[PDB]
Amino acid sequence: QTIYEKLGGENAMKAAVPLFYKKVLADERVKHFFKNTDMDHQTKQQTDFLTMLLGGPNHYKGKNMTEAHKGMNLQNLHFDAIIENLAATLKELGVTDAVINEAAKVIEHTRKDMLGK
């Protein structure tokens, strides 16, 4: 009963993160930020990161959220787009509103670490 397990665990996270990128990469608000990103690497990192954040195993070895988005000067509308695409991804995969809201509430604390950096 971590949020990770409530979402369905490792197989669920492995399905969720590439679907979240399919949506982010179609979203006019954000898709261009990933123009030059190795998407295989990014999907691995973000899988490790959300797995750690939502109380699964902690194997995340990448940058902190300020370092990861340094120099992007990201704006509030970009963060809303990301959270909205993650919520729609979890909804499409059959997660209840309550469990999505629990997830979003944890992720929301990162917003001040990545905006405007």
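Heads up: residue numbers just count along the shown sequence, starting at 1.
Trainee: Which is higher in the entry, the mean Cα B factor of 95-103 or that of 14-22?
Mentor: Mean B over CA atoms: larger for 95-103.
Trainee: Which third, lowest, middle or highest, does the CA B-factor of residue 67 fall in along this chain?
Mentor: For residue 67, the deposited C-alpha B-factor lands in the highest third.
Trainee: State the tercile, meaning the lowest, middle or highest third, of residue 39 with respect to the CA B-factors recorded for its chain.
Mentor: Answer is highest: the recorded C-alpha B-factor places it there.
Trainee: Within this chain, which third does the Cα B-factor at residue 27 fall in: lowest, middle or highest?
Mentor: For residue 27, whose C-alpha B-factor we compare with every modelled residue in the chain, the answer is the middle third.
Trainee: Lowest, middle or highest third of the chain for the C-alpha temperature factor of residue 61?
Mentor: Answer is highest: the recorded C-alpha B-factor places it there.
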